[PDB]
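Quick heads-up: it's one chain on its own, the form deposited in one PDB entry, in structure tokens.
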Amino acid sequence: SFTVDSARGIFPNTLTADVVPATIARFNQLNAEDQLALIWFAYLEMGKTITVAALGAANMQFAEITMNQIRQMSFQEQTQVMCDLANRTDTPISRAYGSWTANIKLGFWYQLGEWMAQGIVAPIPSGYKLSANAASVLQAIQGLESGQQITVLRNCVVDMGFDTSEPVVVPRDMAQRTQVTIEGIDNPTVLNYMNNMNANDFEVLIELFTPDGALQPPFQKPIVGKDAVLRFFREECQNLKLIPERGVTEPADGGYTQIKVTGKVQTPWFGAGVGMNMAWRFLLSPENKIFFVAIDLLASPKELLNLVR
């Protein structure tokens, strides 16, 4: 009667941008000094693109205390803390970082990055050489389209720190809510998944799922059950713009229904500056609830028009 394991293979010819996890794996072999410098360089040719729209919502007071403690350190001390983070070293600061949600980690580095650009905290050593391995990883990153580039950078940041404040979640006022249109799809479960995402209405959204329903983010394991999925929505999924374009519906065994939708997604971290090409792969129960949805980062815009079996 379909498992999460079996559901995650629906629409198998959806070609994903698996260069992204490949490059992350290459990055995770580098030494910490290589990792910091590589991101800095990759940051120098897209850092002015980040926006503050994702902040003001992740609440940073306690993290900012640590940021100011770093700001008071000598450049040798600041360098060591950043290496501790990259190495996932077991230190108090690195444990604190590792406890943070993804948006707080990103805001932490975003602020430190601006402080570095203004000399307020330690820049990357002027005459420091990217190792041969690191130079090749950087070159690979520079060759990716922006949506894949920012995904690599986010995942690299989020994984730092030693692995062991709740964000304010705000549903949009009804008068401003939009309704998507999807060429070839009118199933309200799919339309309302998109619309409640876009309105941050996660309490309505989570009711579209089966009790054991699962959601699989790009290049991640499935998140299983309403509690975990809702937790993921509130922690990470605020102020996305989901812009689906088209989709197809296929019968599935046992009264299930599988739907593929392609389109574009914008993250509040970059706004309209970066449109990532995505696919949503749904498996709906006989009661038309979401038992499984996978969200794929597509290999290229050509995949937006790939709706064949």
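Residues that one form lacks are left out of the comparison. Numbers follow the displayed sequence, beginning with 1. So that the term is clear: the rigid core is the largest set of C-alpha atoms that superpose within 1.5 Å between two forms.
There is another form of this protein, the form deposited in another entry, and it is not shown here; the text below is about that form.
Only one of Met46, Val248, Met67, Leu240 has its C-alpha shifted by 2 Å or more between the shown form and the other one once the core is superposed, and that residue is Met46. With a cut-off of 2 Å and the rigid core superposed, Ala58 has a Cα displacement that reaches or exceeds the cut-off between the shown form and the other one. By 3 Å or more, the C-alpha separation between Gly273 and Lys48 shrinks in the other form relative to the form shown here. Note: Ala57-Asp201 Cα separation is 3 Å or more longer in the other form than here. Against the superposed rigid core, the consecutive-residue runs (3 or more long) showing CA movement of at least 2 Å between the shown form and the other one span 45-48, 52-58.
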